[PDB]
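The data below hold one chain only, encoded as C-alpha cells and taken in the form deposited in one PDB entry.
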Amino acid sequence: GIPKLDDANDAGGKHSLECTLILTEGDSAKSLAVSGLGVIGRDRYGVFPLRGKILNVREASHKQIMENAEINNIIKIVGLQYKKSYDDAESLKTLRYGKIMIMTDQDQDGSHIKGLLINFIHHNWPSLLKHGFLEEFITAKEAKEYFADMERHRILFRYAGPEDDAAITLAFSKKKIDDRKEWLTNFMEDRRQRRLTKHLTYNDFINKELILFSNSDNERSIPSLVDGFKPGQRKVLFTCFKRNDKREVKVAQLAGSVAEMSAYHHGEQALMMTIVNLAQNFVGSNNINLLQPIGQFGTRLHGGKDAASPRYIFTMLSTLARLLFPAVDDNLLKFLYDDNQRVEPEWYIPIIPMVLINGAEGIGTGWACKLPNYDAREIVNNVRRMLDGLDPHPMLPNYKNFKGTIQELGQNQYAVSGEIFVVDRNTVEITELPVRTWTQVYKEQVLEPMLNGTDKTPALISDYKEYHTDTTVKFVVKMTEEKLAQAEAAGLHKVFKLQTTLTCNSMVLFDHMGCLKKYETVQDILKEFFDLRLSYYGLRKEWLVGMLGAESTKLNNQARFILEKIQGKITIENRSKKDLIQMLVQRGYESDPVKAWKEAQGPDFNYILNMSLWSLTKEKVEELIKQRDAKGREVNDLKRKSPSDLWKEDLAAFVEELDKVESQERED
C-alpha cells in the first residue's frame, strides 16, 4: 500500500514541459486534487502524495539517498538525473514534467515540507530553479471550484541571486546550526518588540515563512522551566484535571478527548505516544510519573518500545498530581484561548521544579534540550533550605530505582555505572546496567559478541544465563579463570561496557516570560524556579485573603439579614423589588462582596435574597452563625501565615503521599 502516482496523460511525451506534477500532503488531499482536476485536468497534471516529512538530502548519507522512497519516486516520475545540469532548453527535453507544484497544508509543518522539497532540488539541480521549476498552490465540490480558478491560487518561486542560496543553506545545512541560533534569536527578539506576490523568492520564503515553522518547532519541542512541560504535555494534564477520572480511561480515547478539550491541532497518535511517555515508570523514564501506567506501557528490557497499542492500555492521574499542582493555584494561571474556547494555561506552577524531576528533553531548530532526572526528596529538601535562607546543596542526577552509580567528573559531566561483582573464579554477576542502557540491547550488542567473538576479537566469555524480572537485571556470566583474570585486571566495568558518560551542556528552556534561555547549571534553574514559585505563593495568599475576606463579609451580611428578619426588624413580605433594594441600601447592607472583589480583579443583593426559606429556621440560623464565625477565623489564621508556610504545608503533604505511593510500588 505504498503512495501511488496518478500520472498526467501527456507526461513523458511531446508535451512534457507543459505538465505539472502536484505533490500533496497526504492521500486525502491527493483525492481532492484529482477530483478537482476532473477528466480534462488529468491531461497535464499528475498527483503524488507525500505522507510526511521527507529526507534532508543536503548532508544525508549516500545510503539514505539511494534507499529513500520519496526522493526516488520523485526522480523517476519527473525523470531527473543526478549530476545533469539543466542550463539549456536542450537539457530539459529529458524530463517527463516541466514543473512541480507543491500543495501542502497551509500550516507550519506544511511549510517545512515545501522547504525540504526546495532543499532537495536546490542541492542537486540548482540550474533548474533558474528556469523556475517550482510552484506552490496556496468537500469535492469545493475542490472543483478551487481548480477552475487555479491560476489565482498559483504562486511561482523565483531564484533571485546568492541571497537565495544562503537562505536555503541557512535553513537546511548541518554546518549552519550557529547561524540558525542567530537567525531565530533575531526573529524572537523582533517579535517581542512589536508586541510592545505572484512570485516568491526563496530568500523571502525562508525568512518570512519557513522561520515560522522553526519557531513553532522550538515552542512544541523545548520545555518550559516553570513546569517542565511542552504544550502537548500541558494539554494532556489540563484535560486530565478537567475530566477528573476516578477509573481508568483507554489511552486512545483519552487522546481524542485531549484533542477536543484542549484544541489540539495535530495527529492524535502523537498525543497518544506523549501520554504513554508521561505514564512510563521503568528505570530511566520518569522519577514521578503523573499518569498511571495501567497495562503494558513498556519495560527497561526494550526501553519502552514494547508498549502495547494505545487502543489496549489505560491510564488515570497519579494521586501525586494534584499534590504537585495544587488546584487552588489554577486561579493564578493565565489560561489560553483557541477559537474562543478556553484551553490549557501558559504554564502550570508546580510546588517543586518538575523540569528537574523527570528530566526534560526536546529537539528543536537551532537548539535542543537535555536534562537528567533529579531526586524529588533531595529537591524538596533544597527548597526547604532556601526557604530558611540557607544555601542549596549541590545536586547529582538521580534515577528512581537505579542500583548503580552516578559520579560527577566535572561541571555537567557524569560517569554512570552499572554493577558487576565477582562471584567465584569462573563467574561474574551483572546486576545493574547504566541508566538508559536497555536489557535486550546490552545482551545483543555486548554479551553475544563476547560469547561468539567477532572477526576482530576472540570470545571472552564462555556462557551467560539471564534471571531478570520486568524491572530488574540479572546476568550470570561464566568465564575461564585466566579470562576472568584479564578482564578483572583491565576494568570489569570497562570490559563489560557498564560505564557511560552523561553530559549536560544544552540545558535550554523557555523562562517564565516565554523567552528561550540557556542555563549553565541546574542551580541556576532551581534558583530561577524558586524566586518565581515563592512569588506565586505570595499571590496565592493575596488571592485567598481577598476571596475569604469577601466570603466573610458576605456571611456577615447574610447573618445580619436573617437575624433582623426573625427579630421583626425587616419584613420583605409583599414588597416591590424597588422598595426592597432601597430598603437594604439604607440599612447599610453591602452589595455582593464576592462579585465586587471578582470585578476589582446597581447594588446586588441576590446573595441575600436567593437564600432558601430554610434559612429562617432554628437549626439553619445557628448553623449560619457558626459558618460566619468559622470563616472569620479562617481569614485571620491565614493573614498570619507567610507564603513560605503555605509552601511548606504543600511540601509536607506531597512528601507524605510520595512515601505511601512509593512504598506501595515496592510491594505491588
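All residue numbers are counted from 1 along the displayed sequence.
Colleague: Decide, for the other PDB entries of this protein that were compared, whether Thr457 is missing from at least a third of their models.
Modeller: Missing in at least a third of the others, so yes.
Colleague: In at least a third of the other entries we lined up, does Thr197 end up with no coordinates?
Modeller: Per the records, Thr197 goes unmodelled in at least a third of the other entries.
Colleague: Answer with none, 1 to 3, 4 to 9, or 10 or more: how many deposited residues between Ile138 and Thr139 are not present in the coordinates.
Modeller: 10 or more residues lack coordinates between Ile138 and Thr139.
Colleague: Mean CA B-factor: is it higher for 324-332 or for 242-250?
Modeller: Between 242-250 and 324-332, it is 242-250 that shows the higher mean C-alpha B-factor.
Colleague: Quick check on the record: does 142-150 or 85-93 carry the larger mean Cα temperature factor?
Modeller: Comparing 85-93 with 142-150, the higher average CA B-factor belongs to 142-150.
Colleague: Out of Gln108, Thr365, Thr571, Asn373, which one has a C-alpha B factor higher than all the others in the entry?
Modeller: The record points to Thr571.
Colleague: Have a look at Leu23, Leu646, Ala11, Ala653 and flag the one whose Cα has the highest B-factor in the entry.
Modeller: The listed residue with the largest C-alpha B-factor is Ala11.
Colleague: Please place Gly602 in the lowest, middle or highest third of its chain according to the CA B-factor in the PDB entry.
Modeller: Highest third, going by the recorded CA B-factors of the chain.
Colleague: Looking at the C-alpha B-factor of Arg633, is it in the lowest, middle or highest third of its chain?
Modeller: Highest third.
Colleague: Give the position of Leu451 by CA B-factor within its chain, expressed as the lowest, middle or highest third.
Modeller: Top third by C-alpha B-factor.
Colleague: Quick one: classify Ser31 as lowest, middle or highest third of the chain based on its Cα B-factor.
Modeller: For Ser31, the deposited C-alpha B-factor lands in the highest third.
Colleague: Lowest, middle or highest third: where is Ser61 by Cα B-factor in its chain?
Modeller: It falls in the middle third of the chain.
The next section is about a form of this same protein that is not shown, the form deposited in another entry.
Colleague: Can you let me know which of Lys648, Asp105, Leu580, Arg560 is the hinge position, looking at how the rigid parts move between this form and the one not shown?
Modeller: For the motion between this form and the one not shown, the hinge residue: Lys648.
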